[PDB]
Amino acid sequence: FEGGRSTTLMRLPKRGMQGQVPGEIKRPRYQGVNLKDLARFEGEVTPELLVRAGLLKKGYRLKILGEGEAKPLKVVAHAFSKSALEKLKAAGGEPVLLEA
Amino acid sequence: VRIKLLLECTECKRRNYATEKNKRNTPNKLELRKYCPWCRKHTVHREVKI
Amino acid sequence: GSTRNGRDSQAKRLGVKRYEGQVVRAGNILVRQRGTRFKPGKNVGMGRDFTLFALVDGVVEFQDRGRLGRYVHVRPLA
Amino acid sequence: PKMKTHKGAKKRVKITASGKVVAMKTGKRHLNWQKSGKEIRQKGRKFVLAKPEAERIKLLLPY
RNA sequence: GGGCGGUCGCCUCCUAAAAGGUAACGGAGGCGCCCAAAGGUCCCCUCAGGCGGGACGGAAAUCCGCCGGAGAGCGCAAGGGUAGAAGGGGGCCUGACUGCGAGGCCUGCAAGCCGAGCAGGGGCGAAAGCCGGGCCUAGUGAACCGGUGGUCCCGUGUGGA
RNA sequence: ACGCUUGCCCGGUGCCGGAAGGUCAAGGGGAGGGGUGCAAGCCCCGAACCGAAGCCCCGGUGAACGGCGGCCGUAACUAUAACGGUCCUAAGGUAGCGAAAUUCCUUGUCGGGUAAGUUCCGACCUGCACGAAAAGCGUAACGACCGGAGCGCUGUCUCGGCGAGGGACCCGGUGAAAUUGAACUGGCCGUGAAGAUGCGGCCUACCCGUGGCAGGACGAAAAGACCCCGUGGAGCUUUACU
RNA sequence: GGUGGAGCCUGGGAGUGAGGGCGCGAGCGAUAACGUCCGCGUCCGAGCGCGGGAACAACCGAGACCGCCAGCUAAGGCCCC
RNA sequence: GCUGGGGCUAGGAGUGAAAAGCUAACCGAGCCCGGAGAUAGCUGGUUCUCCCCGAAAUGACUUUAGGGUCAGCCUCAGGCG
RNA sequence: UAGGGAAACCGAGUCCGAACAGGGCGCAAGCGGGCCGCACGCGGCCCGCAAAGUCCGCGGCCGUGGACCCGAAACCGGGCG
RNA sequence: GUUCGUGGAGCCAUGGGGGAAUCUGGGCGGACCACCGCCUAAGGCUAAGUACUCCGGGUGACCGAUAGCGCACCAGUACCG
RNA sequence: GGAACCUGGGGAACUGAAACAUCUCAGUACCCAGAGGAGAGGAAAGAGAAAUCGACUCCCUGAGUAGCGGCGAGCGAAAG
Ligand SMILES: [Mg+2]
Ligand SMILES: [Mg+2]
Ligand SMILES: [Mg+2]
Ligand SMILES: [Mg+2]
Ligand SMILES: [Mg+2]
Ligand SMILES: [Mg+2]
Ligand SMILES: [Mg+2]
Ligand SMILES: [Mg+2]
Ligand SMILES: [Mg+2]
Ligand SMILES: [Mg+2]
Ligand SMILES: [Mg+2]
Ligand SMILES: [Mg+2]
Ligand SMILES: [Mg+2]
Ligand SMILES: [Mg+2]
Ligand SMILES: [Mg+2]
Ligand SMILES: [Mg+2]
Ligand SMILES: [Mg+2]
Ligand SMILES: [Mg+2]
Ligand SMILES: [Mg+2]
Ligand SMILES: [Mg+2]
Ligand SMILES: [Mg+2]
Ligand SMILES: [Mg+2]
Ligand SMILES: [Mg+2]
Ligand SMILES: [Mg+2]
Ligand SMILES: [Mg+2]
Ligand SMILES: [Mg+2]
Ligand SMILES: [Mg+2]
Ligand SMILES: [Mg+2]
Ligand SMILES: [Mg+2]
Ligand SMILES: [Mg+2]
Ligand SMILES: [Mg+2]
Ligand SMILES: [Mg+2]
Ligand SMILES: [Mg+2]
Ligand SMILES: [Mg+2]
Ligand SMILES: [Mg+2]
Ligand SMILES: [Mg+2]
Ligand SMILES: [Mg+2]
Ligand SMILES: [Mg+2]
Ligand SMILES: [Mg+2]
Ligand SMILES: [Mg+2]
Ligand SMILES: [Mg+2]
Ligand SMILES: [Mg+2]
Ligand SMILES: [Mg+2]
Ligand SMILES: [Mg+2]
Ligand SMILES: [Mg+2]
Ligand SMILES: [Mg+2]
Ligand SMILES: [Mg+2]
Ligand SMILES: [Mg+2]
Ligand SMILES: [Mg+2]
Ligand SMILES: [Mg+2]
Ligand SMILES: [Mg+2]
Ligand SMILES: [Mg+2]
Ligand SMILES: [Mg+2]
Ligand SMILES: [Mg+2]
Ligand SMILES: [Mg+2]
Ligand SMILES: [Mg+2]
Ligand SMILES: [Mg+2]
Ligand SMILES: [Mg+2]
Ligand SMILES: [Mg+2]
Ligand SMILES: [Mg+2]
Ligand SMILES: [Mg+2]
Ligand SMILES: [Mg+2]
Ligand SMILES: [Mg+2]
Ligand SMILES: [Mg+2]
Ligand SMILES: [Mg+2]
Ligand SMILES: [Mg+2]
Ligand SMILES: [Mg+2]
Ligand SMILES: [Mg+2]
Ligand SMILES: [Mg+2]
Ligand SMILES: [Mg+2]
Ligand SMILES: [Mg+2]
C-alpha cells in the first residue's frame, strides 16, 4: 500500500501467460548438472544413484551440463549439451537417451 | 483527432505496418511510400483503412 | 471576484552541467541549454533540443573566443 | 497461517538470483503511434531502486 | 473556517534572493493541436522599415537606387537563439527506417530528454559529410479487459482446432 | 359547513385511446462460412425475413403534476392602453383581494384612535415575491388561539410599608448529596498561550468563626445541543446507480 | 590543510511530514498584525537546566556527568532592597 | 364521552382525529442474546533503573491535506580508509 | 548446488536479433592459504567449518488471525413484550 | 459445488422445454472432431481408523478468594427487569 | 430432551477492498429435521498419461503450487 495512489507494482505491466482454467500442462522437465561436479564418484552412473548422492531431487529427468573438466567414465542420461558431448567425449562412452 | 485519420502503412505484399497518418481533408489520397521492412528489404508501402 | 491566474509550469531544469577543468567521459552533456547559448567546437555534438555533448573524453575548455557565440571545446588528453 | 504469494507481483515482476527485480517499462501497451523507433524500441527491462527491499517481501515463499 | 464562486494536467515570463530547486485563492498568457510538406540532403538569396520617385496608388499592392547587422520572419501564447541560417526560392527523395545503444541530465520511485557509435538496406551530395521527423520548450493518459493483422510459441492422452 | 365562482393554455411530465409507421428481447427461420474425420457423420457461427410488451409519434385530459412576460410610439406637461408592433412563448394572472400569518426597500402615503402609535383599523397599488379547490373574497354563532382600544376596579408601578403561618436562626435527636491535585488561597499595575491567590514590584492584612449577597476561583452538571472534519452511522427525497 | 560521534557502501530498526520566534532577501496584506507563505542561518521544540533583561521559549551570554564554605570571566551593573 | 374485565395487532413492523407521537420511565426504526474481542486513519492510557548517540515538522505524489509510500534527518551492525 | 527466456527450447550461457555488432540477466575473479608437485603457468594442499547453504535456539520488524488496551453512532439472525 | 465469478467452460446434481437405445448400447479423459485408453450411472446397506467432553480418574515452569468457571461458601441464589 | 461434534434444507450484515454495488467475511454465526456414540461418505458410469493406481475416511506432504479473482482485495485445490 503506497498510500491511496496506484502502487508501483500495479503501474508496471505483466508479460507471461496466466494459463487456462484446467491449469498447466504437466510435462516433464530437464535438470542440468555439472560434469565437473558429478565426476567425483565412480561407476556406470545412472538415475537411482545420483538422486541418492545428494543432488537430483526425486522428480523429472536430467542432463549433464557444465563448464569444467571431466573424468573418463560411463554415463547414462536422457540429454546432453552441445559442449558436454565434447568435454565428455574424451575417453567417454554414453547413450544419448533412455528407453524413449 | 477526427481530421488526421491516423493509420499504418502496409507491406503491400505480405504483412507489416509502419504507423503514420494520412489526412482525409487535404486530398493526400493514395500516397505511395518506400519504407524499410524486415524481410523484403526496402520495398514499397501503401495505406490501410485501420 | 475569484483568482484569475495562479498556475505555473514545472521547471525543465536546464543549465551548465559540466564546467571546464573537469575530466569527462564520452557522452557527458556539457550544458543543458534552452537556446544555443553555446556553439560547438572540437569534439562537441548537438542534438534535438540544442543540447551539446562530448564526442571523446578529456579536459573540456570554454571560450576559444567570441564574435559568433560562446564556444565549448572537449579537448582530448595526450 | 502460511502467507500467500501475491499473484499480481508473480505475474508482473521476475526476481533474479542476486536479489535484483526485473520488470518491463511503461507507456507502451495502449498507444504507440506518435513515438520514434527509440521510444518504441527502448522498452528494455528497467531496474527498480530501493523499492525491491519492499518488493521481494511479496515474492516470498517460492521467490 | 465551511458553504457560494474559482482551480485540479502540461508549457512560457516574473515573484525566485547572479549554480539547480523553491510556496500562496500571487501577476500576465496559451494547449488538448497541426505539416506529404511547414521533413532530409544539395544548390542560390538576405529581412522589416526610412528616404527619392510611379500610372493608377489609403500614408501599406507592384518596381528601381541608397541607408539599414538584425527593430522582420522562424504555424500557434511567452522566452532563448538565429542572416558566417534554423529564414525565403528550386531539384531529388522519404532516415516521418528496422534491431541496438556506450555515457549521461534530472528524479524518492514511476516517468521525461540528449545520445557518439555497430550491422542490414536506403535517400541527397562528385566527395567531405548529413538524415532514427518538425529551431527548441506545451499539444496528453500508468495499469487492467478486449478489437484487427502477422509470428506458428503453448495448446491439458495423441493429430488438429 | 355556507353565499358568489374554479377563467387562460395539453408545449415538458403523469394518465387514457390508437387494426397507419420507426426501434427492440427470448424465439422461429436460415443463405453463406469455420473446425474435424478417407468419407459417411458430428460440433460451432451465421447475415436476410417474421416476431409482443415497452419506447418514439398523433389526439384528448389541468377540482392531474406545473407555470402564466418584457420592450418602442400615441391624448392640453405628467399619466396612458382601451388602442398599434415583437416573442425562450404552449400561454402571458381573469374575477376577487392587497405593505396582508405574504412587502426587502418601508416606520411607503393619507385619515381615525393617543398629547405622543415601527403595533391596529379603512383606503391608495409602487404585487422584490396574492390569487382561484397546495382554492379566491366575505360570513350569523363559536374558540383555555393572536393583535389593538375603552370602561369600573385593583401595588403591577410611581414607592413601598405592616401583620400572620410554614422554613430560614438557636438548642435536643438522626443525619446524606454532587464536587474535590494538594493548598498555609489578599488588592493593584505589568508579564506569562494574549483575562494570575500562587510569576515580578508596591500597598494592605492578628488567628479562627457565625448569618447573608453571588463578583471571582475562565465555579458544578452533560467528553458543545451552534460550526467544521471523519472517504463515521442513520431518517427522508428523485428523471443519482443497481 | 583538515583523524573528526568527519565521511562513503550494504543491511536491520523506528520517529517526523500542524511548526513557531528572531535578522536579512521577498510575495499577499495597508511598507498593519505575536497575520499568511518561501529562501538564507540561529534558537525553542528536544536545553520551561543557568546568569542578565523586574517578571517571559526563541533579545544577549552560555551548551548543566557528579561533588567542594576555591579562583578567573561572557552579557549586564557598581546609592539601597 | 369516561372506565373495569377477557382478548387481537409488533420492529423496517404494529398503531396513529397525523406529532414521524407511542410500543414497559430515552423510539427518525425498541428490548435480550449471538455474529462480536465488528470497525474507528478518532480521544485517553501504556507500569523498574543506569549508560551511549540523537531527530524532524522538509521535498516528490495520493475522492487527499488531522492519515499515508519513497527520499531527507537519526541509530545499530558489517566493510572502504 | 545454473541460470536465462512468456513459453518452446538452450545452457556457463540465455534472451532481444539475420548476426561472433551491441546490451540486460548470471558466470569465473580468493579468503585459512605447510600448497615448491621441485617447469615460478605450479597443478591445487596441512587446512579457517567458508566462499555455499541448510536445521534449531534467541532477539528486531512484518502478514494472516481480535493482535498494545479501553470506547461508539450503527447492521443482520433468532426470540421475548 | 469443485480453485471455475459465464470465461474457450468441462464434470457432479437440476427448475423448466424437447427427448432414445440395452453391449454393433452408453458415460469420461475440461469448447469440439477422429483414434486410443478408463468405467457402467439413472436402487440400497456397510464396521475400523477421524471430531467432542455432561460425566470418571491421573497429570500441569496452571491458579491461590479482585486469581480460578458466574458460584472453593446452601449460586445461576439474593437482587434488577 | 442431551455440554460439544456431524449431515441435509434456508441463510445474513458490520468488517477487507483504507468509499463501495460483483468478491471476501461465508455457506460462518444463527433457525429447523432426524440419527449417533460418532456422524457423513463408501466398493468407481472413479482418478488422470502411466497402457498406470485401484472402496472410503483422517494426518503430514505435495503447496500457498496449478488456478480463480473490479486479474484489485483476496480465495484456493487436485493427482501422486
Ligand atoms: Mg519452492
Ligand atoms: Mg535561478
Ligand atoms: Mg540563488
Ligand atoms: Mg525545415
Ligand atoms: Mg545551411
Ligand atoms: Mg528511473
Ligand atoms: Mg517548424
Ligand atoms: Mg483432451
Ligand atoms: Mg489432445
Ligand atoms: Mg481415419
Ligand atoms: Mg467431409
Ligand atoms: Mg455428414
Ligand atoms: Mg375546543
Ligand atoms: Mg407588593
Ligand atoms: Mg412540614
Ligand atoms: Mg441541630
Ligand atoms: Mg494580569
Ligand atoms: Mg510561591
Ligand atoms: Mg503577587
Ligand atoms: Mg443563595
Ligand atoms: Mg552525527
Ligand atoms: Mg501532512
Ligand atoms: Mg506541512
Ligand atoms: Mg514553513
Ligand atoms: Mg507565525
Ligand atoms: Mg510580522
Ligand atoms: Mg537545540
Ligand atoms: Mg516557566
Ligand atoms: Mg532573568
Ligand atoms: Mg531557555
Ligand atoms: Mg557538557
Ligand atoms: Mg574578578
Ligand atoms: Mg386510560
Ligand atoms: Mg432484528
Ligand atoms: Mg414498511
Ligand atoms: Mg398502518
Ligand atoms: Mg417511551
Ligand atoms: Mg433509537
Ligand atoms: Mg465492541
Ligand atoms: Mg465478523
Ligand atoms: Mg492507514
Ligand atoms: Mg548528545
Ligand atoms: Mg523514510
Ligand atoms: Mg562500522
Ligand atoms: Mg550476453
Ligand atoms: Mg555485459
Ligand atoms: Mg565464488
Ligand atoms: Mg524471527
Ligand atoms: Mg461456472
Ligand atoms: Mg449434469
Ligand atoms: Mg430437468
Ligand atoms: Mg455427457
Ligand atoms: Mg469430453
Ligand atoms: Mg452401484
Ligand atoms: Mg472433567
Ligand atoms: Mg470469584
Ligand atoms: Mg487474603
Ligand atoms: Mg421478580
Ligand atoms: Mg459444525
Ligand atoms: Mg446447507
Ligand atoms: Mg457486504
Ligand atoms: Mg470496506
Ligand atoms: Mg469461499
Ligand atoms: Mg429425536
Ligand atoms: Mg433431536
Ligand atoms: Mg469410536
Ligand atoms: Mg465412521
Ligand atoms: Mg453412515
Ligand atoms: Mg451411508
Ligand atoms: Mg458397483
Ligand atoms: Mg492423497
# chains A, B, ... in the order shown; residues from 1 in each chain; ligands from 1
$ closest_atom_pairs --of "chain E" --to "ligand 4" --cutoff "8 Å" --atoms "only C-alpha atoms (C1' of nucleotides) and all ligand atoms" --output "CSV"
residue,atom,partner,partner_atom_place_in_ligand_line,distance
E:38,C1',ligand 4,1 (Mg),7.3
E:39,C1',ligand 4,1 (Mg),6.6
E:86,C1',ligand 4,1 (Mg),7.4
E:134,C1',ligand 4,1 (Mg),6.8
$ residues_around --residues "residue 47 in chain I" --least-positions-apart "4" --cutoff "12 Å" --atoms "only C-alpha atoms (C1' of nucleotides)" --output "PyMOL selection string"
chain I and resi 32-35
$ residues_near_ligand --ligand "ligand 19" --cutoff "8 Å" --atoms "only C-alpha atoms (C1' of nucleotides) and all ligand atoms" --output "list in words"
residues 197, 198, 199 and 200 of chain F
$ residues_around --residues "residue 77 in chain E" --least-positions-apart "5" --cutoff "8 Å" --atoms "only C-alpha atoms (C1' of nucleotides)" --output "PyMOL selection string"
chain E and resi 12+29-30
$ interface_residues --of "chain E" --to "chain A" --cutoff "10 Å" --atoms "only C-alpha atoms (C1' of nucleotides)" --output "PDB file with N, CA and C atoms (P, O5', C5', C4', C3', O3' and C1' of nucleotides), in the first residue's frame"
ATOM      1  P     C E 109      14.959   7.707  -7.511  1.00  0.00           P
ATOM      2  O5'   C E 109      13.664   6.826  -7.804  1.00  0.00           O
ATOM      3  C5'   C E 109      13.597   5.470  -7.388  1.00  0.00           C
ATOM      4  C4'   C E 109      12.199   4.919  -7.515  1.00  0.00           C
ATOM      5  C3'   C E 109      11.634   4.839  -8.923  1.00  0.00           C
ATOM      6  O3'   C E 109      12.097   3.721  -9.660  1.00  0.00           O
ATOM      7  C1'   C E 109      10.016   5.783  -7.487  1.00  0.00           C
ATOM      8  P     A E 110      12.313   3.837 -11.250  1.00  0.00           P
ATOM      9  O5'   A E 110      10.849   4.065 -11.835  1.00  0.00           O
ATOM     10  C5'   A E 110       9.891   3.014 -11.840  1.00  0.00           C
ATOM     11  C4'   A E 110       8.514   3.525 -12.178  1.00  0.00           C
ATOM     12  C3'   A E 110       8.371   4.165 -13.547  1.00  0.00           C
ATOM     13  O3'   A E 110       8.211   3.211 -14.580  1.00  0.00           O
ATOM     14  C1'   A E 110       7.389   5.569 -11.931  1.00  0.00           C
ATOM     15  P     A E 142      -0.993   5.199 -21.055  1.00  0.00           P
ATOM     16  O5'   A E 142      -0.245   4.574 -19.799  1.00  0.00           O
ATOM     17  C5'   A E 142       0.914   5.189 -19.262  1.00  0.00           C
ATOM     18  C4'   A E 142       1.359   4.491 -18.006  1.00  0.00           C
ATOM     19  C3'   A E 142       0.919   3.044 -17.871  1.00  0.00           C
ATOM     20  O3'   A E 142       1.703   2.132 -18.619  1.00  0.00           O
ATOM     21  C1'   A E 142       0.454   4.165 -15.867  1.00  0.00           C
ATOM     22  P     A E 143       0.982   1.003 -19.509  1.00  0.00           P
ATOM     23  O5'   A E 143       0.170   0.132 -18.449  1.00  0.00           O
ATOM     24  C5'   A E 143       0.850  -0.702 -17.523  1.00  0.00           C
ATOM     25  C4'   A E 143      -0.042  -1.128 -16.383  1.00  0.00           C
ATOM     26  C3'   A E 143      -1.167  -2.087 -16.731  1.00  0.00           C
ATOM     27  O3'   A E 143      -0.730  -3.429 -16.855  1.00  0.00           O
ATOM     28  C1'   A E 143      -2.014  -0.357 -15.372  1.00  0.00           C
ATOM     29  P     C E 144      -1.234  -4.332 -18.085  1.00  0.00           P
ATOM     30  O5'   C E 144      -2.686  -4.809 -17.641  1.00  0.00           O
ATOM     31  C5'   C E 144      -2.888  -5.460 -16.396  1.00  0.00           C
ATOM     32  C4'   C E 144      -4.339  -5.420 -15.987  1.00  0.00           C
ATOM     33  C3'   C E 144      -5.309  -6.042 -16.975  1.00  0.00           C
ATOM     34  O3'   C E 144      -5.404  -7.449 -16.836  1.00  0.00           O
ATOM     35  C1'   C E 144      -6.112  -3.917 -16.317  1.00  0.00           C
ATOM     36  P     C E 154       5.506 -25.104 -29.352  1.00  0.00           P
ATOM     37  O5'   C E 154       4.468 -24.926 -28.157  1.00  0.00           O
ATOM     38  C5'   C E 154       4.908 -24.944 -26.809  1.00  0.00           C
ATOM     39  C4'   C E 154       3.819 -24.526 -25.854  1.00  0.00           C
ATOM     40  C3'   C E 154       2.555 -25.364 -25.871  1.00  0.00           C
ATOM     41  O3'   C E 154       2.679 -26.598 -25.188  1.00  0.00           O
ATOM     42  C1'   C E 154       1.971 -23.079 -25.855  1.00  0.00           C
ATOM     43  P     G E 155       2.115 -27.946 -25.861  1.00  0.00           P
ATOM     44  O5'   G E 155       0.552 -27.681 -26.025  1.00  0.00           O
ATOM     45  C5'   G E 155      -0.304 -27.625 -24.893  1.00  0.00           C
ATOM     46  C4'   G E 155      -1.613 -26.947 -25.216  1.00  0.00           C
ATOM     47  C3'   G E 155      -2.583 -27.745 -26.071  1.00  0.00           C
ATOM     48  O3'   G E 155      -3.339 -28.662 -25.302  1.00  0.00           O
ATOM     49  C1'   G E 155      -2.415 -25.534 -26.904  1.00  0.00           C
ATOM     50  P     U E 156      -4.079 -29.905 -25.998  1.00  0.00           P
ATOM     51  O5'   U E 156      -4.305 -30.921 -24.792  1.00  0.00           O
ATOM     52  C5'   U E 156      -3.206 -31.367 -24.004  1.00  0.00           C
ATOM     53  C4'   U E 156      -3.614 -31.734 -22.596  1.00  0.00           C
ATOM     54  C3'   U E 156      -5.100 -32.020 -22.379  1.00  0.00           C
ATOM     55  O3'   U E 156      -5.240 -33.068 -21.422  1.00  0.00           O
ATOM     56  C1'   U E 156      -4.413 -30.263 -20.953  1.00  0.00           C
TER      57        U E 156
END
$ closest_residue --among "E:78, E:83, E:130, E:25" --to "chain C" --atoms "only C-alpha atoms (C1' of nucleotides)"
E:25
$ residues_near_ligand --ligand "ligand 37" --cutoff "10 Å" --atoms "only C-alpha atoms (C1' of nucleotides) and all ligand atoms" --output "PDB file with N, CA, C and O atoms (P, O5', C5', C4', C3', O3' and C1' of nucleotides), in the first residue's frame"
ATOM      1  P     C H  22     -42.688   9.425  21.731  1.00  0.00           P
ATOM      2  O5'   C H  22     -43.700   8.233  22.023  1.00  0.00           O
ATOM      3  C5'   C H  22     -44.657   8.320  23.068  1.00  0.00           C
ATOM      4  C4'   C H  22     -45.537   7.098  23.093  1.00  0.00           C
ATOM      5  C3'   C H  22     -44.805   5.764  23.099  1.00  0.00           C
ATOM      6  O3'   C H  22     -44.384   5.367  24.394  1.00  0.00           O
ATOM      7  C1'   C H  22     -46.499   5.724  21.450  1.00  0.00           C
ATOM      8  P     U H  23     -43.046   4.496  24.579  1.00  0.00           P
ATOM      9  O5'   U H  23     -43.426   3.064  23.994  1.00  0.00           O
ATOM     10  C5'   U H  23     -44.375   2.238  24.651  1.00  0.00           C
ATOM     11  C4'   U H  23     -44.688   1.000  23.849  1.00  0.00           C
ATOM     12  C3'   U H  23     -43.504   0.116  23.499  1.00  0.00           C
ATOM     13  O3'   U H  23     -43.097  -0.708  24.573  1.00  0.00           O
ATOM     14  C1'   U H  23     -44.897   0.377  21.602  1.00  0.00           C
ATOM     15  P     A H  24     -41.548  -1.085  24.749  1.00  0.00           P
ATOM     16  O5'   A H  24     -41.248  -0.744  26.273  1.00  0.00           O
ATOM     17  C5'   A H  24     -41.531   0.547  26.801  1.00  0.00           C
ATOM     18  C4'   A H  24     -41.742   0.527  28.299  1.00  0.00           C
ATOM     19  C3'   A H  24     -40.702  -0.240  29.115  1.00  0.00           C
ATOM     20  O3'   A H  24     -40.475   0.443  30.346  1.00  0.00           O
ATOM     21  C1'   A H  24     -42.856  -1.129  29.532  1.00  0.00           C
ATOM     22  P     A H  25     -39.225   1.439  30.495  1.00  0.00           P
ATOM     23  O5'   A H  25     -39.873   2.776  31.065  1.00  0.00           O
ATOM     24  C5'   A H  25     -40.751   3.559  30.264  1.00  0.00           C
ATOM     25  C4'   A H  25     -40.815   4.995  30.726  1.00  0.00           C
ATOM     26  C3'   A H  25     -39.562   5.828  30.464  1.00  0.00           C
ATOM     27  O3'   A H  25     -39.938   7.171  30.160  1.00  0.00           O
ATOM     28  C1'   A H  25     -39.999   5.752  32.795  1.00  0.00           C
ATOM     29  P     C H  26     -40.065   7.654  28.631  1.00  0.00           P
ATOM     30  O5'   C H  26     -38.560   7.699  28.112  1.00  0.00           O
ATOM     31  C5'   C H  26     -37.807   8.906  28.157  1.00  0.00           C
ATOM     32  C4'   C H  26     -36.903   9.059  26.954  1.00  0.00           C
ATOM     33  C3'   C H  26     -37.215   8.151  25.764  1.00  0.00           C
ATOM     34  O3'   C H  26     -36.956   8.855  24.552  1.00  0.00           O
ATOM     35  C1'   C H  26     -34.995   7.778  26.484  1.00  0.00           C
ATOM     36  P     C H  27     -38.077   8.926  23.404  1.00  0.00           P
ATOM     37  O5'   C H  27     -37.716   7.711  22.439  1.00  0.00           O
ATOM     38  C5'   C H  27     -36.557   7.757  21.614  1.00  0.00           C
ATOM     39  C4'   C H  27     -36.810   7.215  20.223  1.00  0.00           C
ATOM     40  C3'   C H  27     -37.991   7.822  19.464  1.00  0.00           C
ATOM     41  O3'   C H  27     -37.654   7.917  18.085  1.00  0.00           O
ATOM     42  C1'   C H  27     -38.250   5.482  19.591  1.00  0.00           C
ATOM     43  P     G H  30     -34.685  -0.186  16.480  1.00  0.00           P
ATOM     44  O5'   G H  30     -35.258  -0.225  17.966  1.00  0.00           O
ATOM     45  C5'   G H  30     -35.104   0.885  18.838  1.00  0.00           C
ATOM     46  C4'   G H  30     -35.829   0.664  20.140  1.00  0.00           C
ATOM     47  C3'   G H  30     -35.191  -0.333  21.098  1.00  0.00           C
ATOM     48  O3'   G H  30     -34.172   0.251  21.891  1.00  0.00           O
ATOM     49  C1'   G H  30     -37.494  -0.816  20.875  1.00  0.00           C
TER      50        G H  30
END
$ residues_near_ligand --ligand "ligand 47" --cutoff "10 Å" --atoms "only C-alpha atoms (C1' of nucleotides) and all ligand atoms" --output "PDB file with N, CA, C and O atoms (P, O5', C5', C4', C3', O3' and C1' of nucleotides), in the first residue's frame"
ATOM      1  P     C I  27      26.831 -15.575 -10.208  1.00  0.00           P
ATOM      2  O5'   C I  27      27.897 -16.235 -11.189  1.00  0.00           O
ATOM      3  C5'   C I  27      27.763 -17.581 -11.619  1.00  0.00           C
ATOM      4  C4'   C I  27      28.650 -17.855 -12.806  1.00  0.00           C
ATOM      5  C3'   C I  27      30.100 -17.420 -12.651  1.00  0.00           C
ATOM      6  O3'   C I  27      30.885 -18.369 -11.951  1.00  0.00           O
ATOM      7  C1'   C I  27      29.262 -16.672 -14.739  1.00  0.00           C
ATOM      8  P     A I  28      31.099 -18.236 -10.364  1.00  0.00           P
ATOM      9  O5'   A I  28      32.607 -18.689 -10.145  1.00  0.00           O
ATOM     10  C5'   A I  28      33.204 -19.654 -10.996  1.00  0.00           C
ATOM     11  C4'   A I  28      34.308 -19.044 -11.819  1.00  0.00           C
ATOM     12  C3'   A I  28      35.263 -18.134 -11.066  1.00  0.00           C
ATOM     13  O3'   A I  28      36.250 -18.833 -10.326  1.00  0.00           O
ATOM     14  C1'   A I  28      34.616 -17.102 -13.095  1.00  0.00           C
ATOM     15  P     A I  29      36.362 -18.627  -8.735  1.00  0.00           P
ATOM     16  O5'   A I  29      37.432 -17.457  -8.560  1.00  0.00           O
ATOM     17  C5'   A I  29      37.041 -16.088  -8.598  1.00  0.00           C
ATOM     18  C4'   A I  29      38.091 -15.229  -9.259  1.00  0.00           C
ATOM     19  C3'   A I  29      38.842 -14.280  -8.325  1.00  0.00           C
ATOM     20  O3'   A I  29      40.201 -14.168  -8.745  1.00  0.00           O
ATOM     21  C1'   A I  29      37.776 -13.038 -10.030  1.00  0.00           C
ATOM     22  P     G I  30      41.395 -14.226  -7.669  1.00  0.00           P
ATOM     23  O5'   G I  30      40.660 -14.299  -6.257  1.00  0.00           O
ATOM     24  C5'   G I  30      40.696 -13.198  -5.350  1.00  0.00           C
ATOM     25  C4'   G I  30      40.442 -13.635  -3.929  1.00  0.00           C
ATOM     26  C3'   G I  30      41.670 -14.137  -3.174  1.00  0.00           C
ATOM     27  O3'   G I  30      41.567 -13.766  -1.801  1.00  0.00           O
ATOM     28  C1'   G I  30      40.046 -15.855  -3.272  1.00  0.00           C
ATOM     29  P     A I  51      30.168 -18.173   4.092  1.00  0.00           P
ATOM     30  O5'   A I  51      30.524 -17.996   2.548  1.00  0.00           O
ATOM     31  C5'   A I  51      31.136 -16.807   2.066  1.00  0.00           C
ATOM     32  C4'   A I  51      31.855 -17.047   0.762  1.00  0.00           C
ATOM     33  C3'   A I  51      31.023 -17.675  -0.347  1.00  0.00           C
ATOM     34  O3'   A I  51      30.253 -16.722  -1.060  1.00  0.00           O
ATOM     35  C1'   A I  51      33.103 -18.806  -0.162  1.00  0.00           C
ATOM     36  P     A I  52      29.095 -17.200  -2.067  1.00  0.00           P
ATOM     37  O5'   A I  52      28.598 -18.583  -1.456  1.00  0.00           O
ATOM     38  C5'   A I  52      27.483 -19.272  -2.014  1.00  0.00           C
ATOM     39  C4'   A I  52      26.770 -20.124  -0.990  1.00  0.00           C
ATOM     40  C3'   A I  52      27.107 -19.832   0.473  1.00  0.00           C
ATOM     41  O3'   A I  52      25.945 -20.035   1.273  1.00  0.00           O
ATOM     42  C1'   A I  52      27.596 -22.090  -0.015  1.00  0.00           C
TER      43        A I  52
END
$ residues_near_ligand --ligand "ligand 34" --cutoff "8 Å" --atoms "only C-alpha atoms (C1' of nucleotides) and all ligand atoms" --output "ChimeraX atom specification"
/H:11 /I:76-77
$ residues_near_ligand --ligand "ligand 25" --cutoff "9 Å" --atoms "only C-alpha atoms (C1' of nucleotides) and all ligand atoms" --output "list in words"
residues 19, 20, 21, 34, 35 and 36 of chain G
$ residues_near_ligand --ligand "ligand 29" --cutoff "9 Å" --atoms "only C-alpha atoms (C1' of nucleotides) and all ligand atoms" --output "ChimeraX atom specification"
/G:51-56
$ write_last_selection --atoms "C-alpha atoms (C1' of nucleotides)" --output "PDB file, in the first residue's frame"
ATOM      1  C1'   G G  51      23.008  34.349  34.576  1.00  0.00           C
ATOM      2  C1'   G G  52      21.108  39.203  32.712  1.00  0.00           C
ATOM      3  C1'   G G  53      16.686  41.802  30.575  1.00  0.00           C
ATOM      4  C1'   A G  54      11.703  43.221  37.227  1.00  0.00           C
ATOM      5  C1'   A G  55       8.804  39.011  35.864  1.00  0.00           C
ATOM      6  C1'   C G  56       8.644  35.891  29.992  1.00  0.00           C
TER       7        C G  56
END
$ residues_near_ligand --ligand "ligand 9" --cutoff "10 Å" --atoms "only C-alpha atoms (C1' of nucleotides) and all ligand atoms" --output "MDAnalysis selection string"
(chainID E and resid 155:160) or (chainID J and resid 29)
$ residues_near_ligand --ligand "ligand 56" --cutoff "12 Å" --atoms "only C-alpha atoms (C1' of nucleotides) and all ligand atoms" --output "list in words"
residues 64, 65, 66, 67, 68, 69, 70, 71, 72, 73 and 75 of chain J
$ residues_around --residues "residue 11 in chain K" --least-positions-apart "6" --cutoff "9 Å" --atoms "only C-alpha atoms (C1' of nucleotides)" --output "JSON, numbers by chain"
{"I": [77], "K": [27, 30, 31]}
$ residues_near_ligand --ligand "ligand 32" --cutoff "12 Å" --atoms "only C-alpha atoms (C1' of nucleotides) and all ligand atoms" --output "PDB file with C-alpha atoms (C1' of nucleotides), in the first residue's frame"
ATOM      1  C1'   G G  71      39.541  31.485  41.717  1.00  0.00           C
ATOM      2  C1'   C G  72      39.033  33.952  36.755  1.00  0.00           C
ATOM      3  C1'   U G  73      35.443  35.810  33.251  1.00  0.00           C
TER       4        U G  73
END
$ residues_near_ligand --ligand "ligand 62" --cutoff "7 Å" --atoms "only C-alpha atoms (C1' of nucleotides) and all ligand atoms" --output "NGL selection string"
:K and (15-17)
$ residues_near_ligand --ligand "ligand 7" --cutoff "12 Å" --atoms "only C-alpha atoms (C1' of nucleotides) and all ligand atoms" --output "ChimeraX atom specification"
/E:34-35,37-39,74-76,86-87,133-136
